[PDB]
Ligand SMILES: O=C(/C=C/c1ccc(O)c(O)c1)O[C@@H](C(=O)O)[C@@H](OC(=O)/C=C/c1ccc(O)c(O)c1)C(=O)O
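The chain that follows stands alone, in the form solved without this ligand, written as structure tokens.
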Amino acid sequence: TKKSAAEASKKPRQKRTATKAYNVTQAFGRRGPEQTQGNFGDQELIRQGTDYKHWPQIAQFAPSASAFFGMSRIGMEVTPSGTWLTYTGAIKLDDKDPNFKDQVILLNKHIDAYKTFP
């Protein structure tokens, strides 16, 4: 029953789950500055994906499918590469959560982390 990395890659990109065996770079591409690239994750999170120590503390901010379509600004664009469903939005952190300060520190660690990789 244990899935191979190849089996994990069969999922459409938006449904993939990164792990140590099939990591963020492998599932989602290198981190970088371009619009088409993801910018989130330090070297530890990139190499570990959902096996990362603080994954549950990151995932608490990810939207359910209902919320993704409920909260976001959704669009459609046709380009040479194909037809794309575009999305933007924002998620409010709970500054009454006693973990607020740690959540900010955690998110900041990963945002644009690639800029200081050795």
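Note that residue numbering begins at 1 and tracks the sequence as displayed.
Averaging CA B factors per stretch from the PDB record, which one is higher: 58 to 66 or 85 to 93? Here the higher of the two C-alpha B-factor means belongs to 85 to 93.
Mean C-alpha B-factor comparison - 20 to 28 and 96 to 104, higher one: Stretch with the greater average CA B-factor: 96 to 104.
Top Cα B factor in the deposited entry, candidates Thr50, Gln37, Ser72, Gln43: Highest C-alpha B-factor among the listed residues goes to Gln37.
There is another form of the same protein, the form deposited with this ligand bound; it is not shown, and what comes next is about it.
Distance check, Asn99 to this ligand in the deposited complex, heavy atom within 4.5 Å: Judged by the heavy-atom cut-off of 4.5 Å, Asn99 is well away from this ligand in the deposited complex.
May I ask you to check whether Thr19 falls inside a 4.5 Å heavy atom distance of this ligand in the deposited complex? Close contact is absent here: in the deposited complex, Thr19 is far from this ligand, nothing within 4.5 Å, heavy atoms only.
Contact between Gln103 and this ligand in the deposited complex at 4.5 Å, heavy atoms? Close contact is absent here: in the deposited complex, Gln103 is far from this ligand, nothing within 4.5 Å, heavy atoms only.
Is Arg30 close enough to this ligand in the deposited complex to count, meaning some heavy atom within 4.5 Å? So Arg30 counts as contacting this ligand.
So which of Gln43, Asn39, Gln60, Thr50 gets a non-hydrogen atom within 4.5 Å of this ligand in the deposited complex? Contact residue from the list: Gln43.
Taking this ligand in the deposited complex, which residues of 50 to 70 have any heavy atom within 4.5 Å of it? Nothing in the stretch sits within 4.5 Å of the partner.
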